[PDB]
Amino acid sequence: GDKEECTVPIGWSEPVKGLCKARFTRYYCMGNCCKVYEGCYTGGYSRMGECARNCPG
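Per the deposited record, solution NMR is how this structure was determined.

As recorded by the PDB entry, the protein carries the name Tryptase inhibitor and is attributed to Rhipicephalus appendiculatus. According to the PDB record, the title of this entry is "NMR solution structure of native TdPI-short".

Student: I would appreciate a short explanation of the state of the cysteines in the present structure.
Tutor: Disulfides are covalent bonds that connect the sulfur atoms of two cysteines. This model, assessed by the stated rule, comprises 4 disulfides. With a sulfur-sulfur separation of 2.0 Å, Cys6 is cross-linked through a disulfide to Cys33. A torsion of 80° about the S-S bond marks the disulfide between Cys6 and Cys33 as right-handed. Taken together, the residues span a long stretch of sequence, with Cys6 in the segment before β1 (25-30) and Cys33 in strand β2 (residues 33-38) at a distance of 27 residues. Using a relative accessible area of 28% as the deciding quantity, one classes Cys6 as partly exposed. The class of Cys33 is partly exposed, set by a relative accessible area of 32%. Sequence-ordered numbering of the disulfide-bonded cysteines in the protein gives the connectivity 1-4, 2-6, 3-8, 5-7.

Analysis parameters
Residues numbered from 1 in each chain as written, not as in the entry; some residues may be left out. Heavy atoms only, no water. Disulfide = S-S within 2.5 Å. Helix = DSSP H or I, 4+ residues; strand = E, 2+ residues; numbered from the N terminus. Buried < 20%, exposed > 50% of the residue type's maximum accessible area, 1.4 Å probe, protein only.

Structure below.
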């Protein structure tokens, strides 16, 4: 098979935590791979299948 790498350094553009009393589940893209986030984020894609239709991975 054929795929590409997913370079995600410390200097990448990441989302911010909400520091609230709740823990939702959101999804974001990091260069070429989708990645789940948990902790009052509420931004980004709602599911992995909303991320993966727009990003290449």
